[PDB]
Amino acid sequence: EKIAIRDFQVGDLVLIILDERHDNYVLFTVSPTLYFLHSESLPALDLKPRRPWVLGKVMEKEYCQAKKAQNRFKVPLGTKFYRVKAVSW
């Protein structure tokens, strides 16, 4: 039970935590880059859209940029962030 904390790769064990400010689950990280949990992964991890954290394994990652100031991630226009699919460990 040792977790990655940045530069996340497929196969990494990660801690998925609730981020109230961004109203989403994210990967716990020491980097300022946000790694949001992809909404598709919530059922697999027995989470809902609360459990404060769960351990998971990264399955897929996609790099995104906010094109609108009003967005589901509550990030500024132009923010680059990741969406990560994960499964329970």
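Position 1 is the first residue in the sequence shown; the rest follow in order.
Going from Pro49 to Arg50, the model skips 4 to 9 deposited residues, which lack coordinates. In this crystal structure, the stretch out of 10-18 and 68-76 whose C-alpha atoms carry the higher mean B factor is 68-76.
Judged by mean Cα B factor in the deposited record, 59-67 ranks above the other of 59-67 and 26-34. When all modelled residues of the chain are sorted by CA temperature factor, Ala44 is found within the highest third.
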